[PDB]
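All values below were derived from every heavy atom in this structure, side-chain atoms included, with hydrogens, water molecules and symmetry-related copies excluded. Numbers restart at 1 for each chain; the letters A, B, ... are given by sequence-line order, proteins then strands.
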Protein chains: 2
Amino acid sequence: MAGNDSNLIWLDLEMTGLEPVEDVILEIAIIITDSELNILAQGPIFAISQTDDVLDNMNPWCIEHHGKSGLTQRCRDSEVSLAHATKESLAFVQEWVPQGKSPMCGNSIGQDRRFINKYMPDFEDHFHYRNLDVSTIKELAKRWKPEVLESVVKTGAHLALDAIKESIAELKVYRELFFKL
Amino acid sequence: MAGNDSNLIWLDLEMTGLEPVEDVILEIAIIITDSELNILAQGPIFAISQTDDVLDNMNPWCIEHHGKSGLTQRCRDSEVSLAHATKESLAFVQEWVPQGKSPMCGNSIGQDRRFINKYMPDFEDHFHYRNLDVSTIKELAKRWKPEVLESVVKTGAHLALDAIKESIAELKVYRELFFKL
């Protein structure tokens, strides 16, 4: 099933803040599912090597939340450059889905896409221009059928890996309870 | 009914191309709906003043399509500035939904957002950070229930209200046929 036109690239980034103009990427994880949301593969996980003054002067939210998740320390200890993570990610994703076919999948994935466009345009090129944004459906559920949100489970932050598994599980809940089979 | 929390702000833009690094906005159109997708208001439509330096040197797709469309000439005839379009759009929108409540709605509305974020920062501030991307559901339809696309009405009209009302209507189809409400 490695090359199916309908497979999906799921990803989550962690950043030093919200604005691509000043902020940089700290973490990347990728999961490939088939079109039915079965998990076909996990990409490597990269904490991105960043200097201490970058890590120390990020967003208050980020100091707290990345400090808590253990990401900050993992970037202190990493030798991984963004340049390397971009090559590996692109090669992995190429191994699984044809160029141009899969939209970018995840929660508020357009935010991530801003960072990928600016900092990893080679990687972005493998994707379709479309976004599969799980938060779109959450917003429709909030207004159309909010009790569905009760079945949605949100665990605590560790890896970007975990945040992706949450997005998939969330969409899986919607498929079962919110969309018509 | 004015200023209700679940009211939804819809928009489409037309541009000189795909890369807002140095591409610009040709047209702005905005529709408000309640949470049921009932159209509550049409917003000021704005073709944006661009010199022939800009209009002559758009992409091939844009020269040919914005030419038959009538928009290129409208931007040449147009007196309204970027700031005036920003100031007005913000005002209209401010009437109909409280601040931070509404995601930004439309097809691939993240692309639009990149242009709104750079050239109209004040306007984007009124939205929730979330996107409501109908094309997310179109991507799911294609994979889960393609028969549903048959009822979607895609003319191919690349204008202002043209493509908006088509995004709103496309969501209405999904609501009847694709969602379990």
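- Between chain B and the options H128(A), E36(A), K118(A), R175(A), heavy-atom pairs under 4.5 Å are most frequent for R175(A).
- In this structure, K68(B) places its NZ atom where only 12 or fewer heavy-atom neighbours from other residues, nucleotides or ligands lie under 6.0 Å away.
- In the hydrophobic cluster analysis, where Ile, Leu, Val, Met, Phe, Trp and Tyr join through side-chain heavy atoms closer than 4.5 angstrom, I32(A) is grouped together with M1(A).
- Of the listed residues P20(A), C105(A), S6(A), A141(A), the one with more heavy-atom pairs under 4.5 angstrom with chain B than any other is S6(A).
- More than 12 heavy atoms of other residues, nucleotides or ligands lie within 6.0 Å of NZ in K142(B), so this atom counts as buried by the packing criterion.
- A chain of hydrophobic side-chain contacts below 4.5 Å, direct or via other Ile, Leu, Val, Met, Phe, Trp or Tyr residues, connects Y174(B) to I39(B).
- In terms of modelled atom types and a separation under 3.5 Å, the side chain of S108(A) and the main chain of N131(B) share no donor-acceptor contact.
- No part of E147(A) comes within reach of chain B, as not one of its non-hydrogen atoms sits under 4.5 angstrom from that chain.
- Relative ring orientation between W144(A) and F179(B) is described as perpendicular, the plane-to-plane angle rising above 60° on a 0-90° scale split at 30° and 60°.
- For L8(B), the part lying near chain A is the side chain, with the backbone staying farther off; criterion is any non-hydrogen pair under 4.5 Å.
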Margin query: Quick one, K180(A) with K145(B), criterion side-chain contact (heavy atoms from CB on, under 4.5 Å). Give me CA distance, side-chain angles, the key distance, then yes/no.
Written below: CA-CA 9 Å; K180(A) 214 178 304 203; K145(B) 210 173 190 182; 3.9 Å; yes
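- Contact of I109(A) with chain B is not made at all, since no heavy-atom distance falls under 4.5 Å.
- Counting only heavy atoms from C-beta outward, the side chains of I137(B) and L140(A) approach each other to under 4.5 Å.
- With rounding to the nearest 0.5 angstrom, the CD atom of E19(A) is 6.5 Å from the CG atom of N117(B).
- With a 4.5 Å cut-off on side-chain heavy atoms, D133(B) and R130(A) do not count as touching.
- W96(A) and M120(A) fall within the same hydrophobic cluster, where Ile, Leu, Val, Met, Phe, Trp and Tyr residues are linked whenever their side-chain heavy atoms come under 4.5 Å apart, directly or through other members.
- Looking only at heavy-atom pairs under 4.5 Å with chain A, the residue among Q111(B), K138(B), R113(B) that has the most is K138(B).
- The shortest distance between side-chain heavy atoms of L181(B) and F178(A) falls below 4.5 Å.
- Residue-environment remark: NZ (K101(B)) stays at or below the threshold of 12 foreign heavy atoms within 6.0 Å.
- The heavy-atom pair separating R143(A) from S102(B) by the smallest distance is NH2-CA, 4.4 Å.
- Counted within 6.0 Å of CZ on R74(B), heavy atoms from surrounding residues, nucleotides or ligands total 12 or fewer; the atom is thus considered open.
- In the hydrophobic cluster analysis, where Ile, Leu, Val, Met, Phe, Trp and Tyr join through side-chain heavy atoms closer than 4.5 angstrom, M104(A) is grouped together with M15(A).
- A continuous path of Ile, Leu, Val, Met, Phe, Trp and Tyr side chains, each step under 4.5 Å between heavy atoms, connects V148(A) with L132(B), placing both in one hydrophobic cluster.
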